[PDB]
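Form deposited in one PDB entry, single chain, as structure tokens, below.
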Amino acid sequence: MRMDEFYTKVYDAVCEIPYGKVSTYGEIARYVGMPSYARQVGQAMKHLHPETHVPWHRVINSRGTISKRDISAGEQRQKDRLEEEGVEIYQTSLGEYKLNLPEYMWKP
């Protein structure tokens, strides 16, 4: 398959995530048949228009924190967002916004 089929399946995946639940970069890689594309799971997310109806904010790193998303602090945005779905998040000695994965993970 090819990179736009790929980008579509991933957005059908993500779209599936129940409000107020979450999933992992890596899991979706797996779910769409692409067990080793976790990194490109990241970039599909990275490219969305900021219009999108796709819940990119329900996607996190497989330790259950929010990805440092380097280029600058902006992914404040992801947390402020997941808290809008009553998800609970706390913090690390050292930044790492973070959560209870087993509680919020979407296990379908």
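Residues that one form lacks are left out of the comparison. Residue numbers run from 1 along the displayed sequence. Throughout, rigid core stands for the largest set of C-alpha atoms superposing within 1.5 Å between the two forms.
For this session: Going by the average Cα B-factor in the PDB entry, point out whether 45 to 53 or 59 to 67 comes out higher.
Result: The stretch with the larger mean CA B-factor is 45 to 53.
Problem set entry | Residue range whose averaged C-alpha B-factor is higher in the record, 36 to 44 or 78 to 86 | Between 36 to 44 and 78 to 86, it is 78 to 86 that shows the higher mean C-alpha B-factor.
Problem set entry | residue 6 - which third its CA temperature factor falls in, relative to the rest of the chain | Its C-alpha B-factor belongs to the lowest third of this chain's values.
Exercise. Should residue 93 be placed in the lowest, middle or highest third of its chain by the C-alpha B factor in the entry?
Worked result: Answer is highest: the recorded C-alpha B-factor places it there.
The form deposited in another entry is left out here; the points below concern that form.
Exercise. Any chance the CA of residue 35 moves 2 angstroms or more between the shown form and the other one, core superposed?
Worked result: Stays below the 2 Å threshold, so no.
Exercise. Given that the distance between the C-alpha atoms of residue 54 and residue 69 changes by 3 Å or more in the other form, do they end up closer or farther than here?
Worked result: Distance between the C-alphas of residue 54 and residue 69: longer in the other form, by 3 Å or more.
Exercise. Would one find the Cα atoms of residue 67 and residue 28 closer or farther in the other form than in this form, where their distance changes by 3 Å or more?
Worked result: Residue 67 and residue 28 sit farther apart in the other form.
For this session: Just list the residue ranges, at least 3 long, where Cα displacement is 2 Å or more throughout between the shown form and the other one after aligning on the core.
Result: Core-superposed, just one run shifting 2 Å or more comes out: 67 to 74.
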